[PDB]
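First, one chain by itself in structure tokens, the form deposited in one PDB entry.
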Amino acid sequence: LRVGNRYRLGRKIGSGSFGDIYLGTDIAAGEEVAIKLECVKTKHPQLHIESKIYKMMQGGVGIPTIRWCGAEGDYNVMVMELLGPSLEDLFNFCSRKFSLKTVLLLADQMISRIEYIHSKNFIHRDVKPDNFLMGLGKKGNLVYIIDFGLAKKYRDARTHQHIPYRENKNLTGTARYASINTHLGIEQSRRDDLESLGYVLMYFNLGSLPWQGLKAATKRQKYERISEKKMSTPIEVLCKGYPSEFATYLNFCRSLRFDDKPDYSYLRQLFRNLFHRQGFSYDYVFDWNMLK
């Protein structure tokens, strides 16, 4: 298929919940791209919404470039920079073990990506390893964030008036990485993206979280069981056997007020000081770079 005149559709490379991703070629440029397609007649149109958020994000480091948006035949179309494997994919490729160095290289960039989104007046609300992708080629050392399907404005662009506190929210995103405040049904804010990152980092450290693979028939009972395990696992128990910085990070996130601006710089400096105490260099040599 020809798309937006200059793009050629190739084979599927990924299946989302709200769109499939296809390999493509920018025939004019001689460059591979990713093409996201959404059936025009989909019950729940989201691609046009996601594209608007990407436009507001554009020019960020580790934000995929949007090359073209249109409709074509029975599809809404978004053409974007082609990225590499997700951190979940690379975790599986690494036998579900990341070195401390890799976890800290990732933590540094992931805190910066979340800060960048927050600087653009959005919270992501689906912080999980599947939504962070390494670049390809020259961008291969760069962590990207994707899937702004669930993203939401947390403050007025103009006034910076924060969204109001709200309760009795149904659980938006993946329960495994959801904040305790999300489990309580509280409106998500900047703190919740960062608390989710904290669970992602301990997930990379452990290979799994203690509230993973809990048995339930129905879904709300599964979320209640995840909530109960999360709220009965002290941060010092979750983080036992790992550097204290992972616990300090999570304690900091749990202490944030609904409308607080997180101290992103403090959280990066926490991991940077540990990184330096270990004698690591920021040379972007990740575990997966050493697979032969």
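Only residues modelled in both forms are compared. Here the rigid core means the biggest group of C-alpha atoms that line up within 1.5 Å when the two forms are laid on top of each other. Note that residue numbering begins at 1 and tracks the sequence as displayed.
From this point on, the text means the form deposited in another entry, which you will not see here.
Picking from 257, 240, 44, 55, which residue has its CA shift by 2 Å or more between this form and the one not shown, once the rigid core of the two forms is superposed? After core superposition, the single residue displaced by 2 Å or more is 44.
With both forms fit on the core, is the shift of the CA atom of residue 27 between this form and the one not shown 2 Å or larger? It does, since the residue 27 C-alpha is displaced 2 Å or more between this form and the one not shown after the core fit.
Tell me whether residue 222 is among the residues that move between this form and the one not shown (Cα shift of 2 angstroms or more, core superposed). Shift of 2 Å or more: yes.
Quick one: core overlaid, is residue 267 moving 2 Å or more at the Cα between this form and the one not shown? No.
Check residue 41 against residue 54 at the C-alpha atoms and report closer or farther in the other entry, compared with the shown form; the change is 3 Å or more. Between the C-alphas of residue 54 and residue 41, the gap narrows in the other entry (3 Å or more compared with this form).
By 3 Å or more, the Cα spacing of residue 183 and residue 220 differs in the other entry; is it closer or farther than in this view? Relative to this form, farther apart in the other entry.
Sticking with residues common to both forms, list the runs of three or more in a row where every CA moves 2 angstroms or more between this form and the one not shown, core superposed. Runs shifting 2 Å or more: 27-30, 40-44, 67-69, 215-222.
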